[PDB]
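Single chain ahead, by itself, as structure tokens, in the form deposited in one PDB entry.
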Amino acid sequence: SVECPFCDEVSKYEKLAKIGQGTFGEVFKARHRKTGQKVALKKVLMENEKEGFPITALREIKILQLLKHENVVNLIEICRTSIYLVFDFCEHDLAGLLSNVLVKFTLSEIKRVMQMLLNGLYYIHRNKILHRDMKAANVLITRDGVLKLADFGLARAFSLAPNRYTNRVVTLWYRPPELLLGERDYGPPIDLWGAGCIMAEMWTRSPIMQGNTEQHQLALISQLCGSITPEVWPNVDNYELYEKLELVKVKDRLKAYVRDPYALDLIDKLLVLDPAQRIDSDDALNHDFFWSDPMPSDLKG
């Protein structure tokens, strides 16, 4: 019965297909009833919500409205009837492509995928934001071959005053060593660790470190990255979780799948243990991997 000039009813879009199942909610492909424009409709979840509109959804919406970039997913508007987030539709997700055995990646297409992804991280970090949920399923690609960073549900703003940020972030497999060691004072480097895992994934087709618990993950990380000692990671022992489990070489394990040497080299500077020594978005975009033949090419496979 009430006027609502700036929140249109989602009935303006016509659902076509429920494309996303999981615990993130329900994602629908839809079609603008007048123009045919395709969109993604992501309903805001209200399971056990006893504090009104979910504070986490406000955060996510706040961040999406701020992040406006060719390689970050695009919130068009927010709709009602219950509440829907409406995005420009992206037909593919990197997880689904990586699994379809009929899909093939030329190296110059891999270069372009990693380039668009790294450019997206450069952007969100410049805007003082951490993604905190890096993984294949959150990298999307449009019909026209433009990669979009998506799902900012765990995302959070950062800055630089000792930081009091939350520890249980990032799905186990893409979670970086810091977080496993119980870190609470971190920033952008955690997302680049994920980018490293995703990059390797472009050749292996499978997430490369499939841990079962936090300690079996840390273990799997050691059997690829070396042990976690103050010789490799100064002052790592300053943390009260180096206790267990202790233990005492990345290019080797990936030789078979990844042929390009520049590619292997970049993967090794992303999957570094010490965050202070981990390569950043800027220096990664400048790595010779992106500036040697074959050059990055547009996506059509």
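By rigid core we mean the largest C-alpha set that fits within 1.5 Å across both forms. A residue's number is simply how far along the shown sequence it sits, counting from 1.
From this point on, the text means the form deposited in another entry, which you will not see here.
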Align on the rigid core first; then say whether the Cα of residue 24 has moved by at least 2 Å between this form and the one not shown. yes
Distance trend in the other entry - C-alpha atoms of residue 25 and residue 30, change of 3 Å or more: closer
Quick one: residue 30 and residue 23 C-alpha atoms, closer or farther in the other entry compared with this form (3 angstroms or more)? closer
